[PDB]
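Indexing begins at 1, ligand by ligand and atom by atom, following the structure's order. Letters go in sequence order (proteins before strands), and every chain restarts at 1.
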Amino acid sequence: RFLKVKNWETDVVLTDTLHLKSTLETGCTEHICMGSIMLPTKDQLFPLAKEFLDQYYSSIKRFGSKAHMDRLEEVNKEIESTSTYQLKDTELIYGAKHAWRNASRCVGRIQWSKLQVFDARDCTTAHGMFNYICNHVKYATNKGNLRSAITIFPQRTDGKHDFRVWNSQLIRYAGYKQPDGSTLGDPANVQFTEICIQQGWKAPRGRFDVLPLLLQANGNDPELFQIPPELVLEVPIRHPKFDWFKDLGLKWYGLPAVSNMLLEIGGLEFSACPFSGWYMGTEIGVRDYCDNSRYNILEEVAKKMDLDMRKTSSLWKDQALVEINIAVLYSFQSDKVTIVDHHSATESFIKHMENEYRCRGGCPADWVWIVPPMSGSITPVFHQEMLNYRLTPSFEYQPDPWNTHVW
Amino acid sequence: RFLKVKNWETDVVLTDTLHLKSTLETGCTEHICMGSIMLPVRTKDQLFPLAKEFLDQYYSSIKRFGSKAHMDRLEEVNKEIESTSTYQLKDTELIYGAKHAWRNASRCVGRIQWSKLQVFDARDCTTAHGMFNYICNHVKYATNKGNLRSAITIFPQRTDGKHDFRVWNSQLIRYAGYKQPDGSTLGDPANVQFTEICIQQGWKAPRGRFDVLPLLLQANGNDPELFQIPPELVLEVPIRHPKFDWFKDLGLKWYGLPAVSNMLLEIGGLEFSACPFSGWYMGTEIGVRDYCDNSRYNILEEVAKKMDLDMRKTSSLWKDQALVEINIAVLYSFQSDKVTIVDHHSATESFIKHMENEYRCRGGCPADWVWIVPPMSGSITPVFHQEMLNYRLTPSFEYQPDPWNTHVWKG
Ligand code: HEM
Ligand code: HEM
Ligand SMILES: Cc1cc(N)nc(C[C@@H]2CNC[C@@H]2OCCCCCc2cccc(F)c2)c1
Ligand SMILES: Cc1cc(N)nc(C[C@@H]2CNC[C@@H]2OCCCCCc2cccc(F)c2)c1
Ligand SMILES: C[C@H](O)[C@H](O)[C@H]1CNc2nc(N)[nH]c(=O)c2N1
Ligand SMILES: C[C@H](O)[C@H](O)[C@H]1CNc2nc(N)[nH]c(=O)c2N1
Ligand SMILES: [Zn+2]
């Protein structure tokens, strides 16, 4: 019932109690582990509300006060009458920060409490959503001293009045299927790059075309907008020692900003809540560039290094992978955009576990996601036992909207 | 019921029904995943059911489920359990059993090789000298002058658990570690506590960087005894790099035969507490783990210094760079000396092909993702993108507490 986690490199043992608060279900049974699967009424709403406000008033050391009891009644009455309720700003900010704090797949949660929250519950139109989003992007980008931020559009009501940002991220490159059969640009975006063209986008058809935002307000048909180019900070990719690297013509964007998730706070569902921080180098260099069904450039790079590619045992793939990732970090640093390397990032996360275990009695964590996709065992998170469990408030996946919104 | 696993790189979807034959528990519940936790005298009552399940399985594999020969064998085991409390496996069931325990090993990336396993039946062994001789033979047969062959040696099952056969070493071949008065360590840090036991027991430690530990062997619940493996039986590879000539001057070498001796083999309810097995190495077990863990040989600094990497900031990726060259050296040295080794690209590819064929013929393949994905270059090997379902089948290999914590000393 009280569970231990051992770090096998330091022998440090931490005891977890926070999991007993856990509410939702993981997918695992004690017959099957599902830890490596990517996706495994008014009646309900009040319990949910009460649990949230309970932890809120606990957090500001007012558990059991007049303020607390009063608020609990205020909400109870509001649900009774309206079938939903509205969050105070103070609760919204707390809710959002905690959804991040609770993201068991996020290695960067040591920053959770510095989240700038932009309240956009007064939004009503796609143009309104566009203006909110450009302000988010500009605030977040900060000319390269990147700043974490979330923007929260209005909560679900009947579920046919959804706000949704259709893009998966606010900034992404276009992917085009070719007569060739091969793929130009980002193949993970092919479908969407064609939902845009299908709604009127004039595609440049290049390697690195920044996609239009495609915004849905109040459950209406969605609309295209080009993010002002001057708001999209990009980094030319060069190597600190390899002259020919430049010539690959590689760039990436500075702002990672997840826009397709659903934020739940105290039973309320915020289906458009794009949030953003900054990159861990590997997310670009390992996955974006080298992944088979992504940009997949390893072959072309190994060649320029003139490595022996006749046998896997030369470790040429590995060799090239390191260089590509050296060059992502070097480029971002030289162009002064915030970026963290996986050594630094896993090292802070360890520190953040220590803190969460002593400050909160635990920290939910998904080992499969926390360990970098390169050099696992040389980052301290590899040797760290983690417990995974679902706390609220949370970010959750939700169906892609083109499959749902009846056009 | 039916459960689907998706490969996110190929979009191939597989359906598992085999997980329905799991009855042992995982450690997880619907409220917690314990999937990254290292570790999440038996009576008559529970024994015939385990025996029965095992023998229904064995007889299905040979297309004789329901046969007179199946029914007679159940009767026979039945009778033998109630008058003796235990039972004995036939040769054919022991072999079938040992193979299946490997096959059910969800943590093993090497399982494409499961049906090619040399089983040595050492259930007539009674003494430690007898254990030594059996283990020597296995080490010679498995080494095979560099052309490694998989093998397992199986000593007598547990009886009252007061009479255990144990191999006290965690692997048949390993290097000593010595903690110095100044706080530093010579040799392998993982091996210190064990080296201390060996020394205490009579072993004359040469006190070098690569001293092959003596075998410490328990027969029939007796005190364990020291033995030295004949050095000519211990195939070792000096580590050099194909381009970096300063590399040999680091003075490194590794043994060729990876051989786990500390696990417990369960077959049909019976517990074989000494069942050393061996295969051949995936390079990263030495290059990444053995050399490059901070808690192991930790030669990253020494290798990065020689390579002239910028070591002042971790974002130079000096560590990642050194780690790759060490792994280059490890596969180079082994291949140059004609000792079987596999790189992690070839090993993970084969496993994906094993895994798929297992879903097709067997209806499943339990697999632990945390363990199967290699400890360098994770996402460029196809297992990273493969969804996996982990569950416990028997027969199986299980961890067991170190015998120095449990053993009742005699004198
Ligand atoms: C401050 C910089 C941040 C870093 C370096 C970071 C790190 C990461 C990384 C490396 C991943 C894995 C992505 C993948 O491999 O697909 C991830 C996932 C995630 N992060 Fe962060 N994070 C940061 C900020 C944030 C913020 C501001 C939030 C929200 C407030 C957040 C919430 C999440 C969530 C929900 C996931 C899982 C997404 C999914 O399931 O696909 N992170 N994080
Ligand atoms: C054919 C050569 C083999 C290769 C390349 C191979 C590969 C591996 C590797 C890399 C590991 C992980 C070790 C670690 O990370 O510490 C492993 C684990 C394991 N393998 Fe193999 N394996 C082989 C043969 C065998 C054999 C012959 C058996 C038994 C018959 C076996 C059973 C197991 C078991 C039980 C584990 C988990 C060990 C643990 O939980 O500590 N393997 N395999
Ligand atoms: C705020 C933030 C910062 C940061 N460094 N990374 C992140 C999350 C990262 C950004 N790159 C990829 C990831 O976004 C989530 C990607 C979606 C994976 C889940 C998913 C669900 C359905 C179908 C799919 F193909 C994938 C978020
Ligand atoms: C037969 C065989 C071949 C091969 N290539 N690899 C293996 C397994 C590897 C070989 N070297 C040691 C390793 O097994 C044990 C090493 C780490 C296990 C530690 C450990 C601690 C607690 C519970 C466990 F289940 C395991 C075994
Ligand atoms: C099958 C497995 O669950 C899947 O590939 C995961 C593995 N680990 C990951 N880890 C991170 N950080 N991001 C991912 O997209 C994935 N994919
Ligand atoms: C904490 C974690 O589960 C543990 O360190 C595991 C991680 N994955 C591993 N994977 C392999 N192949 N071998 C190991 O020893 C480990 N260690
Ligand atoms: Zn689990």
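Neither the backbone nor the side chain of A/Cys106 comes within contact range of ligand 3; no heavy atom lies under 4.0 Å. Contacts between A/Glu385 and ligand 6 below 4.0 angstrom, taking non-hydrogen atoms only, involve backbone and side chain alike. Only the backbone of A/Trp278 comes within contact range of ligand 3, with a heavy atom under 4.0 Å; no side-chain atom does. For B/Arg289, every heavy-atom contact with ligand 6 shorter than 4.0 Å involves the side chain, none the backbone. Both the backbone and the side chain of A/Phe382 come within 4.0 Å of ligand 6, counting heavy atoms alone.
Closest to atom 6 (C) of ligand 6, if we only count protein heavy atoms, is B/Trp371 NE1, 3.8 Å. The closest protein non-hydrogen atom to atom 11 (N) of ligand 3 is A/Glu283 OE1, 3.7 Å. Looking only at heavy atoms of the protein, atom 4 (C) of ligand 6 is closest to B/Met38 CE, 3.7 Å.
On a distance-only criterion, B/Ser36 and ligand 6 share at least one N/O pair closer than 3.5 Å.
The presence of a protein heavy atom under 4.0 Å from atom 9 (C) of ligand 3 is confirmed. Counting protein heavy atoms under 4.0 angstrom from atom 17 (C) of ligand 3 gives zero.
Ring-plane geometry between A/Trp402 and A/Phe192 is classed as tilted, the angle between the planes lying from 30 to 60 degrees on a 0 to 90 degree scale.
The closest approach between any non-hydrogen atom of A/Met386 and ligand 6 is not below 4.0 Å.
When the heavy-atom distances from atom 7 (C) of ligand 6 to B/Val373, B/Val288, B/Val370 are ranked, the shortest goes to B/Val370.
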